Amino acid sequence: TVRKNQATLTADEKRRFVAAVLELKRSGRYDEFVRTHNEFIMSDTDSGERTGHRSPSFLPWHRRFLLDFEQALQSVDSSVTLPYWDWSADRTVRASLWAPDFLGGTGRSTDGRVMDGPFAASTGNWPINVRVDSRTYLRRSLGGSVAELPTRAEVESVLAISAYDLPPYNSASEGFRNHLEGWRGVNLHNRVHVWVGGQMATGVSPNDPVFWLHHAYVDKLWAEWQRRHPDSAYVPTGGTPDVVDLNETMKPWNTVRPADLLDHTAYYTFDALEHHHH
């Protein structure tokens, strides 16, 4: 499995990815991913049990969630893998990502409804079923709620942080995990959700297929951080209430720990990942 930058996909790969996503939607399987994400994001709290968000397991949790999704895509078309969106490089509404042959563009100004691409409500192929409001059509407002996507320099500043995470292991933490997640600092991952707008800005953000592309790049950044910091590793490492420690299992799967997900090469590689250097 090689995870490729979306900007590099061939027309054939884009076709095959879109078709496999639409088949997971048609069969009912897609919406259960949406529901799982929403349950965790609504339950993960700074003061209580937290697994998928606002916590050190944010990264291994999304890694395994994306793996389940990619595995479902591969059950439809074994050639498909999750592409990633480098939002530091492909940062305008004119990126090819947002073209009609791939994810479609931004939402119209009246109601935010996406009008083009394979996931436009008008296709009849992308009903929004798992939702927090009556509207059942994909919505986006690219750049509407926040002006700019993170830059490479901003990403670099976060990649340079040596500690994986720090007590109190929540949205108030200093440390790489929380800066990448975005609750503190220049704000990388949360800001991208806000920038896309529409469902991507809500608990049911996997309703937008760009969800997977975003998290696949976040996941790549974790891998880049590890290469930058081969001497640094996941924390905490034992006896932390409400937080998934290194060798603790994670919900909902129960059969996997963060320890099992630190090395992504057991599951896939990237098109390019700089080796450790100085």
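Under this definition, the rigid core comprises the largest set of C-alpha atoms superposing within 1.5 Å between the forms. The numbering used is simple: start at 1 and walk along the sequence shown.
Student: Core-aligned, which moves more in 9 other deposited structures of this protein: 133-141 or 190-198, by CA RMS?
Tutor: Stretch with the larger root mean square C-alpha distance in 9 other deposited structures of this protein: 133-141.
Student: Between 260-268 and 14-22, which has the larger average Cα B-factor in the PDB entry?
Tutor: Result: 260-268.
Student: Averaging CA B factors per stretch from the PDB record, which one is higher: 211-219 or 237-245?
Tutor: The stretch with the larger mean CA B-factor is 237-245.
Student: Which one of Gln71, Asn178, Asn190, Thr110 shows the biggest C-alpha B-factor in the PDB entry?
Tutor: Among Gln71, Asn178, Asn190, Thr110, the PDB entry lists the largest C-alpha B-factor for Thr110.
Student: From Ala121, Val204, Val93, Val194, which pick has the Cα B-factor that tops the rest in the entry?
Tutor: Spelled out: the listed residue with the top C-alpha B-factor is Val93.
Student: Could you place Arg135 in the lowest, middle or highest third of its chain by Cα temperature factor, using the values in the record?
Tutor: Middle third of the chain for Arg135's C-alpha B-factor.
Student: Among the chain's modelled residues, which third holds the C-alpha B-factor of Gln199?
Tutor: Bottom third by C-alpha B-factor.
Student: Is the Cα B-factor recorded for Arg54 in the lowest, middle or highest third of its chain?
Tutor: Middle third.
Student: Comparing against every modelled residue in the chain, figure out the third that the C-alpha B-factor of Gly144 lands in (lowest, middle or highest).
Tutor: Answer is highest: the recorded C-alpha B-factor places it there.
Student: Select lowest, middle or highest to describe the third in which the CA B-factor of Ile128 falls within its chain in this entry.
Tutor: It belongs to the lowest third of the chain when residues are ordered by C-alpha B-factor.
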